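Structural description and commentary
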Amino acid sequence: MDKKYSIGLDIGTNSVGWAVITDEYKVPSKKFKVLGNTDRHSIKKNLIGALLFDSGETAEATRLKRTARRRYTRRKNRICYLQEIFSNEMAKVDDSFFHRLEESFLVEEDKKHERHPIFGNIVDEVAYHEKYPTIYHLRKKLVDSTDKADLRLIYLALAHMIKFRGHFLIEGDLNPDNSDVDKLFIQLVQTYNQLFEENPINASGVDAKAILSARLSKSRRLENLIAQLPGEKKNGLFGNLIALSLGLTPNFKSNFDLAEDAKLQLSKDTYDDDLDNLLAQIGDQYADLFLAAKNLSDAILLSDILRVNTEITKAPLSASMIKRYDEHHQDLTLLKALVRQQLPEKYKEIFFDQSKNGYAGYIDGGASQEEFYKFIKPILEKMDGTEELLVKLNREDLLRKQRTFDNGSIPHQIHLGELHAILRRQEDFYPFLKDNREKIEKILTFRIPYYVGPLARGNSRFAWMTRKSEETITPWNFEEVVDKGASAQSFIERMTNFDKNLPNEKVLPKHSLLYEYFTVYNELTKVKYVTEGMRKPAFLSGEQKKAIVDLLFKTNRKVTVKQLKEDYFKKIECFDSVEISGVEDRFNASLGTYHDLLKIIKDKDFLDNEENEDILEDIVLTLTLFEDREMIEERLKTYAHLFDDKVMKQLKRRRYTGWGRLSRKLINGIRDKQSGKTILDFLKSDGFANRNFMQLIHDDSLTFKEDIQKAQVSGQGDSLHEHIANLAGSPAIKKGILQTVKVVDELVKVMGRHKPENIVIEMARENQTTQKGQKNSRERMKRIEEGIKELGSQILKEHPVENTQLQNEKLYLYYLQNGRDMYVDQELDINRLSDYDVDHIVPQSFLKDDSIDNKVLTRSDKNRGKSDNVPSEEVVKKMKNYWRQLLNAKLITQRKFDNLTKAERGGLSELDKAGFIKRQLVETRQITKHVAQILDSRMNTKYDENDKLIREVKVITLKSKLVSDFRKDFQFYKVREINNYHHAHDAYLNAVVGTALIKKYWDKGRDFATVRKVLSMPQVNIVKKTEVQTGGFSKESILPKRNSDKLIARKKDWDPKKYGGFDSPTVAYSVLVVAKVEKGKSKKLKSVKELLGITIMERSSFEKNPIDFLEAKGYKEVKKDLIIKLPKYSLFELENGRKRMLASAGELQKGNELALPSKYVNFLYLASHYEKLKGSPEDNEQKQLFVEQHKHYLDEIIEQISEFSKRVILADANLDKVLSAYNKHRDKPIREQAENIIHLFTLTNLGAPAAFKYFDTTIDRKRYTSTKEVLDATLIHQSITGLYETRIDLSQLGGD
DNA sequence: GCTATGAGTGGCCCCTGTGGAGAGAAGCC
DNA sequence: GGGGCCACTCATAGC
RNA sequence: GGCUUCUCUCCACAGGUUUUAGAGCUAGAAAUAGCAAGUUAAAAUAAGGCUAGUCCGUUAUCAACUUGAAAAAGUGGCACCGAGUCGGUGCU
């Protein structure tokens, strides 16, 4: 009698609840064998439990570090290339120069050559450092001087330029000489006036320098400048020119009456060709206009970077840095003088103390610029004569370093120009420089284009480059070796999906011709027409379809029903009145690509000839795959013999995007065995059948369907669970799905292999991490600062906003609205905000949202003003302008503004009200379907004689709202902060409710009593999944030198005492080792038994040969058989049932779960929401009275917490602190008592101890920092469900 | 009487900022 | 959020 | 049909940190006191690995025992009456 049973499952991002129930909702208990060496051979357990595990991580950090590693290697290569070029000459002047550069990081003890790196003698070094204080001085000297300089300084200059070459965002050559904004603006205006003498622009008196160099958005600057020009418009020709100079993408369709879109952008690489196209349409007279526009753009960008450099030289960057240094020097002198003359006492503080934020800290210490300004600002204002200093302080220009974080804006072309200037000046003296000028310039300019990828020789899983010849790739010969076009093709292809019906075929591009034919014939396939005298609608014949397509689809971009009726039925077939069914006013499919190719090639027969189909498809695929025009030219050169040069150029300009769903082989590649026709052939002509694509692929009379189920191959690349890896979602849900599958398998194993009747699955809600949320909070902080600065509200500058005020939606939303209510606009003060209530934009009942964007601040009275309705429309209108102002401040999110516009439109109607309610209830529930499918596939594996899957097992999906309603109705409250039994209880309720509802489509006496018994069980299996830690070797910050053995070397020969290094390696896992250690100065052998930590860095070394690794650490006479591998969260048991989990080699976590009787849980839930009951007033009052009557349970709860703590926690001081705090607040209101008590369980929660707040008193965490006591505990190994246990007593191992 | 350790307790510490190019899947409309 | 490291203070076992 | 959000891959940039070099001077046995100076540079940026690449090294996977290089496979009785981390009784 296989006991019929059902299994419940609760899948979350961190836990998997599992429960086994019979038909009577009872949870059976069984007696289980226990292996090991203890006396406890049989333990009885309940069939319920929940599995806890660490959340998975995505791959983002790994990708970031991998890319960084590649950059570092390639930069080292560039330095190597320059040194390789210079080696032959540098050998004659100073042989050891490169050794000195290479070993400079070593101490004087370990250097092999003389200690000064550059010249190796002190006098030359001192003279050099006095003559050129910074490398930029050397750069300017070499640029301007015509004299022969020492080769070593040339190497220094070239190396500094190469190793910090700067960004590549701006493409194309740039002229540094264009640095006058006003001059070039005037020149552009004069050119416009000359070409438009009839419409001169009055730009006299306009300070374009201030407007264009203003630190605003590009569109705002465009509006600002045009507003100062009378009669000129934003979208006008001159407005478009100014937008171009600002770096935007103006449209010149309208200004020149053009047929097609005319967008030009200087930052685009194709500016030359597009500008040439525009000139070919409007005339070559306007070329000077756009050249002046380009000059203006260059001036704008350079003045924005370099802040108005004056003196004429080919090296503006070096001059700017030197000027900055000189101003720094002068201001330091002035500040010293003033401080010493007025405030002598603080001189030592500002100029000597490194730990502070003074100047000494700003230079020698770790202080950044912002901190130095913050510390120095108040002192300057208390002294006299600091006007210039304060002005420079507000401008971020006082005492500025040369190497600062603003340099990210420097285009590389500046460095390229300085390089070329140096080489040109010094080429006369050094002949070898002349021949290698192009090589040296290209080393700076070259980069690997993004579509090629790593240049790997097959041994890297990330690589896709196809190499022509097996030579080593160098920056000078990149073109000859790497096939760029095939590289790009592969780069696009490998990311694309595959056809579902033919998994081994690639999908065709969206604008492929055959796709358009397929869609047109598919739509026309089911079109029915009714003429006079017809009793029934008739399908269109193949001849009719051919005629209609040839007449309309090849002649018009879009064909409508009226067009068909007036063009084919009446003109060709002579039918006056015809009814068309199934077609909605137009056909979705259109031959847009065909019409475009007709416009380009201008040959109807070439397009209509089926022999050209392959050529056209390859051309379309070429247009889809490649986005750089040069490659397109390269591949189209194959068909250049079929098209003239202008046609060739036209094709290079068109672009298509998107990919379809069906492959070529599926539609026109496979042929029916009986007929020889493809799906396209049948759609063109199917006779009386007129079978569509769905019918053709599902018709049993054709070979297409049969070949389809032939192709369906249940392949599992690598392991089978790789199917799970292919699902849509974060790995956080995916790890849980895999655990759920294995748990189901083990439950089936335990029950006796008889299959479960039914399975209930349900999904919980995801929670983001605290640290990453904190970084989000910091970004939101800086955005708040930007917004408030645009507002000008001064309240924030007195007190900087705290991360909690961001996390607390109230203050953050206060800053979003600039202290103005969003329903109805009035000034609001934060003290009044404490009273005010926050409300969703959408009415609460209609739709609820967890996100902060929907939940917006409002004043309490207007919050009460409207309920279950959108805000009144007129006040939303008056708020809309202020909302636009906030959007310009970027304070309010765009989606929030969309919600506001939805509110003003009115949005929800009664049917749409029901839609929004059902829509808050509904979750995307798409991953859930895949989980259900996987479980169904694993369970139901038998096919009937008709090859139909026999469904013995029914997979069920429910929604959390039903279970929540069930809990609320019958007072099965749950509180998360108590313990981990909540997941198990949720799974149990899921199973019960699912089975009940399926049977209905229940004894209210017996069933509820059974359920209350089930929720009252103290024994629930909680297992923490053991995991071997992996990840970084240590913390990434390098710490200074100090006398300790706990530092880890950065390199093999870099002693930490002399060079410092990393700290705090993360222990992969600990091993129990019994051996002998020499202790004392006598080196006496002592038998010891201790835990040794294995670092992640050493893991391979330990696993390769444990004995040698243990020996090298100083242990002797290691017993190999006793090497027991103990991962993180390994479980130990001590006396009195006190349990611990091994956090690492030296710290432990609490290991026991508090079993709290259910009546206390109900009381706490009722007390916590005493003022937030959502129900009938009568039941609310009954609950309130029930809370009042059982007030004495509070002392009961304190008693149970105290007893549990004294039994398993051992936190004497913290427990005494808690007890002392409790008596102090014994007259507080009950609700506050409950909310504080809820926080109290954090002491007794499973896992790592954490601090908590109790009323006003804060309790620090108690940490178990000694692992001696578990060396004689009972080790427990738990199977993934915790049902099977093997107990090993370590006290009998390695006795003294 | 003098030496050395170890054990616990409290407190501080943790790499960050950006741009460009793409193939894919889902919120609200 | 949680493990690592350090200064200090007491204790402790041996000698 | 539109939008943004999220997963995954590549190419770049700007910093930060570490050590060393940039003659500290004067009085003073020293402690120390005064005075001057400070902005830059080289190298490393997970230990390293063999497949020697202008490549690879932080994702995912992991109770114990037996067989396996690994992937993987095999290994653990039932019923009833009770419940403070599960206990007792009968059958096998």
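Residues numbered from 1 in each chain as written, not as in the entry; some residues may be left out. Chains lettered and ligands numbered in written order. Heavy atoms only, no water.

Per the PDB record, this model was obtained through cryo-EM at a reported resolution of 3.81 Å.

Taken together, the neighbourhood of RNA strand D is formed by 119 residues, with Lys44, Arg70, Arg71, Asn77 and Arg340 sitting nearest. Taking the atoms of RNA strand D that fall within 4 Å of the protein, sugar and phosphate contribute 61% of them. A distance of 3.1 Å is found between a base nitrogen of RNA strand D and a side-chain nitrogen or oxygen belonging to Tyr81. With respect to RNA strand D, the side chain of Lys348 contributes an N or O atom lying 3.3 Å from a phosphate oxygen. Per-element accounting of the surface near RNA strand D gives the leading share, 16 residues, to helix α1 (residues 60-93). Of the residues belonging to the surface near RNA strand D, the class tally is 43 nonpolar, 33 polar and 43 charged. (Near = heavy atom within 4 Å. Polar contact = N/O pair within 3.5 Å; in protein donor to acceptor, adjacent residues only side chain to side chain. Helix = DSSP H or I, 4+ residues; strand = E, 2+ residues; numbered from the N terminus. Nonpolar A, V, L, I, M, F, W, Y, C, P; charged D, E, K, R; others polar.)

On to the protein's contact with DNA strand B, then. Every one of the 21 residues lining DNA strand B counts as a neighbour, but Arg919, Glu1036, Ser1037, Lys1262 and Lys1268 are closest to it. Residue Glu627 places a side-chain N or O atom 2.8 Å away from a phosphate oxygen belonging to DNA strand B. A distance of 3.5 Å is found between a phosphate oxygen of DNA strand B and a side-chain nitrogen or oxygen belonging to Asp1260. Listed by contribution, the elements that provide at least two residues to the surface near DNA strand B are α43 (894-905) and α44 (910-921). In terms of residue class, the surface near DNA strand B is built from five nonpolar, five polar and eleven charged.

Judged by side-chain charge, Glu171, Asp269, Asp272, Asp276, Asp284, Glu471, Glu479, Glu480, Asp628, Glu630 and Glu634 come together as a negatively charged surface patch. Looking at the element boundaries, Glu480 is found in helix α20 (residues 478-481). (Patch = residues over 30% accessible without salt bridge, like charges linked within 9 Å, V, L, I, M, F, W, Y side chains within 5 Å. Areas by Shrake-Rupley, 256 points an atom, 1.4 Å probe, with all protein chains shown as cover. Salt bridge = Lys/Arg side-chain N within 4 Å of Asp/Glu carboxyl O. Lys, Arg positive; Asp, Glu negative; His and termini not counted. Charge placed at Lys NZ, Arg CZ, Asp CG, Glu CD.)

According to UniProt, the feature "active site" maps to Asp10 and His840 in the numbering used here. Taken together, the annotated residues stretch across 831 residues and extend over separate regions, lying up to 30.0 Å apart by C-alpha. In this structure, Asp10 sits in strand β1 (residues 5-11). Residue class for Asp10 comes out buried when judged on its relative accessible area of 3%. (UniProt positions renumbered as here; feature names shortened; annotations may be inferred. Buried < 20%, exposed > 50% of the residue type's maximum accessible area, 1.4 Å probe, protein only.)

Before going further, it helps to spend a moment on helix α5 (residues 151-163). The end-to-end C-alpha distance of α5 is 18 Å, a good match for the 18 Å that 13 residues give at a rise of 1.5 Å each. Across the 13 residues of α5, twelve count as buried, placing the element largely inside the fold. Within α5, burial applies to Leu151, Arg152, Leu153, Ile154, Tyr155, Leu156, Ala157, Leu158, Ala159, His160, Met161 and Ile162. Looking at the buried residues of α5, the elements they touch are α1, α2 (97-102), α3 (122-131), α4 (135-144) and α17 (412-426). (Expected span 1.5 Å × (residues − 1). Contact = heavy atoms within 4.5 Å.)

Attention shifts here to the sheet that holds strand β8 (residues 579-581). Strand order in the open sheet formed by three strands is β7-β6-β8, with antiparallel pairing between adjacent strands. Both outer strands of the open sheet, β7 (538-539) and β8, are each paired with one neighbouring strand and no more. Relative to β7, strand β6 (residues 528-530) is paired through two bridges, and the arrangement is antiparallel. Paired with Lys528 across the strands is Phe539, a residue of β7. The strands touched by helix α24 (residues 561-569) within the sheet are β6 and β8, with β8 carrying the most contacts at an inclination of about 130 degrees. (Pairing = 2+ DSSP bridges. Axes fitted to C-alpha atoms, helices over the stretch in contact; angles between N-to-C directions.)

It is worth spelling out the UniProt feature "binding site: Mn(2+) 1" in chain A at this point. Per the UniProt record, the feature "binding site: Mn(2+) 1" sits at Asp10, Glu762 and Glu766. Look at the named residues: they lie 757 residues apart in sequence, but the longest C-alpha span between them is just 13.3 Å, so in the fold they bunch up. Ignoring anything within four residues of it in the chain, the contact list for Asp10 reads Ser15, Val16, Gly17, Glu762, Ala764, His983, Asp986, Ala987 and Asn990. Mapped onto the fold, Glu766 is located in the loop between β9 (758-763) and α36 (770-791). For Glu766, the side chain forms a polar contact with the main-chain nitrogen of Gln768, separated by 3.5 Å.

In this sheet, strand β4 (residues 42-46) lies alongside strand β3 (residues 29-36) in antiparallel orientation, the contact comprising five bridges. Following the sheet pairing, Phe32 is matched in β4 by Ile43. The antiparallel pairing of β3 with β4 creates a hairpin that spans five residues between the two strands. Here three bridges tie β3 to strand β26 (residues 1285-1289), and the two strands are oriented parallel to one another. The residue bridging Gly36 from the neighbouring strand is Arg1287, located in β26.

Each pair of aromatic rings is reported with the distance of its centres and the angle of its planes. Throughout the structure, instances matching the rule amount to 48 aromatic pairs. Ring centres 5.7 Å apart and planes at 25 degrees place the aromatic pair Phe105 and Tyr1059 in the stacked group. Overall, the relative accessible area of 14% leaves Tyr1059 in the buried class. Ring-pair connections join several aromatic residues into one group, and the members of that group are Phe185, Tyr192, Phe196, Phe238, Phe252, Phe256, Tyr286 and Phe290. A cation over a ring is seen here: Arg403 above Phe164, with NZ or CZ 5.0 Å from the ring centre. The ring of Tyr1129 is capped by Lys1024, whose NZ or CZ atom sits 5.3 Å from the centre of that ring. (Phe/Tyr/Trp six-rings, centres within 6.5 Å; stacked < 30°, edge-to-face > 60°. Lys NZ or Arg CZ within 6 Å of the ring centre and 35° of its normal.)

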